[PDB]
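Contents: one structure, followed by commentary.
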2 protein chains.
Amino acid sequence: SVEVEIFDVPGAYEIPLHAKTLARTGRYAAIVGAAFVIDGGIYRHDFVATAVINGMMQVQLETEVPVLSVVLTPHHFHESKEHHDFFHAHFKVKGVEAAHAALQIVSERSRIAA
Amino acid sequence: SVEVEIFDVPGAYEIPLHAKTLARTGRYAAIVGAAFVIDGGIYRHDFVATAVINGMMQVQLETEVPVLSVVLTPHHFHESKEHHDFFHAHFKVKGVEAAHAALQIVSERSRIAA
């Protein structure tokens, strides 16, 4: 009964504007943004993550459309073989949690909308 | 005129005992220890580095034989392609510096030994 549409963006920095553009057309009861923001060991990465999270919250408050966050920043990721498998396995659990959260929040908004 | 002998050890933790064993036999005017101690992103690495540096200093003071340190700990090493080339290039400069330091310290000890 629920249809999912997939949109591609180059990086996490491009997510808030795409979400705002998609939300203003109606047609969607919720929006999910997924990204993997890691520390590459050369440049600082916290600025971009903070900007993306804040922008997603701002778009959510502006357009009155729920935005679920699957933008995750691990404590350590050294691109080793051990690190790859762990997060490769954990993102499935993250996706299931996001699906449950989206369903619940849409139902709750529909209920309180009388 | 100067001869160099190469000895292999499994890890940096094995260096102080090998240096002490080699020092008590005479036969060597200096000892050089080379290792690359990095943070793998899973376990803390500063304990081993601190222990190795302190043990090398202790052996140096115990046996009255100079011990040059080429045990280096980078701020960041994420095993990426960019990181590999940089340190691969820098270790040559480190080795040249170590050679000059060893020659100078041996000459200075010979001088002050009257």
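Letters A, B, ... mark the chains of the structure tokens in the order given; residue numbers begin at 1 per chain; ligand numbers begin at 1, in order shown.
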Counting only C-alpha atoms, which residues of chain B come no farther than 6 Å from chain A, as an MDAnalysis selection string?
-> chainID B and resid 41 76 78
Just list the residues in chain A DSSP gives strand (DSSP E) on the backbone, as an MDAnalysis selection string.
-> chainID A and resid 31:36 67:72
Write the residues of the preceding selection, restricted to N, CA, C and O atoms, as a PDB file, in the first residue's frame.
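Dumped everything to selection-v9.pdb:
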ATOM      1  N   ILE A  31       9.734  11.882   4.177  1.00  0.00           N
ATOM      2  CA  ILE A  31      10.977  11.909   3.420  1.00  0.00           C
ATOM      3  C   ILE A  31      12.075  11.303   4.280  1.00  0.00           C
ATOM      4  O   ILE A  31      12.177  11.603   5.474  1.00  0.00           O
ATOM      5  N   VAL A  32      12.891  10.444   3.676  1.00  0.00           N
ATOM      6  CA  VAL A  32      13.978   9.762   4.367  1.00  0.00           C
ATOM      7  C   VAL A  32      15.286  10.125   3.684  1.00  0.00           C
ATOM      8  O   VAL A  32      15.402  10.017   2.458  1.00  0.00           O
ATOM      9  N   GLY A  33      16.266  10.556   4.473  1.00  0.00           N
ATOM     10  CA  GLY A  33      17.586  10.848   3.953  1.00  0.00           C
ATOM     11  C   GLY A  33      18.642   9.930   4.530  1.00  0.00           C
ATOM     12  O   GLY A  33      18.787   9.839   5.751  1.00  0.00           O
ATOM     13  N   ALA A  34      19.385   9.242   3.667  1.00  0.00           N
ATOM     14  CA  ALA A  34      20.373   8.259   4.087  1.00  0.00           C
ATOM     15  C   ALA A  34      21.749   8.660   3.577  1.00  0.00           C
ATOM     16  O   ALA A  34      21.916   8.942   2.388  1.00  0.00           O
ATOM     17  N   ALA A  35      22.729   8.679   4.478  1.00  0.00           N
ATOM     18  CA  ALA A  35      24.098   9.006   4.110  1.00  0.00           C
ATOM     19  C   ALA A  35      25.040   8.436   5.158  1.00  0.00           C
ATOM     20  O   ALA A  35      24.638   8.135   6.284  1.00  0.00           O
ATOM     21  N   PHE A  36      26.304   8.294   4.768  1.00  0.00           N
ATOM     22  CA  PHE A  36      27.358   7.774   5.637  1.00  0.00           C
ATOM     23  C   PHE A  36      28.480   8.806   5.667  1.00  0.00           C
ATOM     24  O   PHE A  36      29.300   8.868   4.746  1.00  0.00           O
ATOM     25  N   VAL A  67      10.723  14.441   8.193  1.00  0.00           N
ATOM     26  CA  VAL A  67      11.970  14.039   7.557  1.00  0.00           C
ATOM     27  C   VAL A  67      12.705  13.117   8.516  1.00  0.00           C
ATOM     28  O   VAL A  67      13.116  13.545   9.600  1.00  0.00           O
ATOM     29  N   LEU A  68      12.872  11.859   8.120  1.00  0.00           N
ATOM     30  CA  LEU A  68      13.598  10.889   8.925  1.00  0.00           C
ATOM     31  C   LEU A  68      15.077  10.942   8.576  1.00  0.00           C
ATOM     32  O   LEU A  68      15.447  11.095   7.409  1.00  0.00           O
ATOM     33  N   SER A  69      15.921  10.812   9.593  1.00  0.00           N
ATOM     34  CA  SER A  69      17.362  10.947   9.432  1.00  0.00           C
ATOM     35  C   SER A  69      18.023   9.580   9.542  1.00  0.00           C
ATOM     36  O   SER A  69      17.913   8.913  10.575  1.00  0.00           O
ATOM     37  N   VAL A  70      18.705   9.169   8.476  1.00  0.00           N
ATOM     38  CA  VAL A  70      19.554   7.984   8.504  1.00  0.00           C
ATOM     39  C   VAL A  70      20.961   8.425   8.128  1.00  0.00           C
ATOM     40  O   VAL A  70      21.735   7.661   7.542  1.00  0.00           O
ATOM     41  N   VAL A  71      21.291   9.671   8.451  1.00  0.00           N
ATOM     42  CA  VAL A  71      22.630  10.208   8.243  1.00  0.00           C
ATOM     43  C   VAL A  71      23.433   9.911   9.502  1.00  0.00           C
ATOM     44  O   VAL A  71      23.210  10.521  10.550  1.00  0.00           O
ATOM     45  N   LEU A  72      24.370   8.974   9.402  1.00  0.00           N
ATOM     46  CA  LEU A  72      25.069   8.439  10.560  1.00  0.00           C
ATOM     47  C   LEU A  72      26.556   8.744  10.472  1.00  0.00           C
ATOM     48  O   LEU A  72      27.156   8.653   9.396  1.00  0.00           O
TER      49      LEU A  72
END
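Across the model, the gap from atom CA of residue 64 of chain B to atom CA of residue 46 of chain B is 26.9 Å.
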Using only C-alpha atoms, find the one residue out of B:97, B:17, B:4, B:89 that sits nearest to residue 52 of chain B.
->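 Distance minimum relative to residue 52 of chain B lands on B:17.
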Polymer residues at most 12 Å from residue 103 of chain A, only C-alpha atoms, same-chain spacing of 2 or more positions, as a ChimeraX atom specification = /A:1-2,29-32,66,68,96-101,105-110
